[PDB]
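File shown here: structure.txt, holding compact mmCIF, N, CA and C atoms.
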# COMPACT_ATOMS: atom_id res chain seq x y z
N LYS A 1 0.85 -1.21 0.00
CA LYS A 1 0.00 0.00 0.00
C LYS A 1 0.87 1.25 0.00
N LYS A 2 1.20 1.73 -1.19
CA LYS A 2 2.05 2.90 -1.32
C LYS A 2 1.21 4.15 -1.58
N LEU A 3 1.25 5.07 -0.62
CA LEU A 3 0.48 6.30 -0.70
C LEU A 3 1.23 7.35 -1.50
N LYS A 4 1.08 7.29 -2.81
CA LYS A 4 1.77 8.21 -3.72
C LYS A 4 1.27 9.64 -3.60
N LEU A 5 0.19 9.84 -2.86
CA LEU A 5 -0.35 11.18 -2.65
C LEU A 5 0.48 11.95 -1.62
N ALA A 6 1.51 11.29 -1.10
CA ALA A 6 2.40 11.91 -0.12
C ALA A 6 3.27 12.98 -0.78
N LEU A 7 3.38 12.90 -2.10
CA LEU A 7 4.15 13.88 -2.85
C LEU A 7 3.23 14.93 -3.46
N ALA A 8 1.96 14.90 -3.07
CA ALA A 8 0.97 15.83 -3.61
C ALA A 8 0.60 16.90 -2.59
N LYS A 9 0.23 16.48 -1.38
CA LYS A 9 -0.21 17.42 -0.35
C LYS A 9 0.93 17.84 0.59
N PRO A 10 1.63 16.89 1.25
CA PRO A 10 2.73 17.22 2.16
C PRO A 10 3.88 17.95 1.45
N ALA A 11 4.05 17.66 0.17
CA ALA A 11 5.08 18.30 -0.63
C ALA A 11 4.65 19.70 -1.06
N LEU A 12 3.41 20.05 -0.74
CA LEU A 12 2.88 21.37 -1.03
C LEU A 12 2.58 22.10 0.27
N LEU A 13 2.95 21.47 1.37
CA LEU A 13 2.75 22.01 2.70
C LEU A 13 4.00 21.74 3.53
N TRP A 14 4.98 22.62 3.42
CA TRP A 14 6.28 22.39 4.01
C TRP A 14 6.24 22.65 5.50
N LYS A 15 5.13 23.20 5.97
CA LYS A 15 4.95 23.47 7.38
C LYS A 15 5.01 22.16 8.18
N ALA A 16 4.37 21.13 7.64
CA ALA A 16 4.36 19.83 8.29
C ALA A 16 5.43 18.92 7.70
N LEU A 17 6.24 19.46 6.80
CA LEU A 17 7.27 18.68 6.13
C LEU A 17 8.63 19.03 6.70
N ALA A 18 8.90 20.33 6.83
CA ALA A 18 10.18 20.79 7.36
C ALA A 18 10.31 20.42 8.82
N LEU A 19 9.22 20.57 9.56
CA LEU A 19 9.19 20.20 10.98
C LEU A 19 9.15 18.68 11.13
N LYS A 20 8.83 17.99 10.04
CA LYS A 20 8.86 16.54 10.03
C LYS A 20 10.29 16.07 9.84
N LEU A 21 11.05 16.83 9.06
CA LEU A 21 12.47 16.59 8.88
C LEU A 21 13.20 16.88 10.19
N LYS A 22 12.62 17.78 10.98
CA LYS A 22 13.10 18.05 12.33
C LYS A 22 12.56 16.97 13.27
N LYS A 23 13.01 15.75 13.06
CA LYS A 23 12.51 14.60 13.78
C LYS A 23 13.32 14.35 15.05
N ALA A 24 14.39 13.57 14.93
CA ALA A 24 15.24 13.21 16.06
C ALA A 24 16.37 12.30 15.58

Can I see the file as structure tokens?
Amino acid sequence: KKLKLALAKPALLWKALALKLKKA
């Protein structure tokens, strides 16, 4: 189950992407 829509919305919303890269 590969959610290819991950490059559609999160890749257009760096607010939850950049802080996601700020993981640990």

Please indicate the distance in Å from CA of residue 15 (chain A) to CA of residue 2 (chain A), rounded to one decimal place.
-> 22.5 Å

Provide the atom N of residue 4 (chain A) to atom C of residue 24 (chain A) distance in Å, to one decimal place.
-> 24.4 Å

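Every residue of chain A found in helix (DSSP H, G or I) when DSSP is run on the backbone appears here: residues 4, 5, 6, 7, 10, 11, 12, 15, 16, 17, 18, 19, 20 and 21 of chain A.
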
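From CA of residue 8 (chain A) back to CA of residue 23 (chain A), the distance works out to 20.9 Å.
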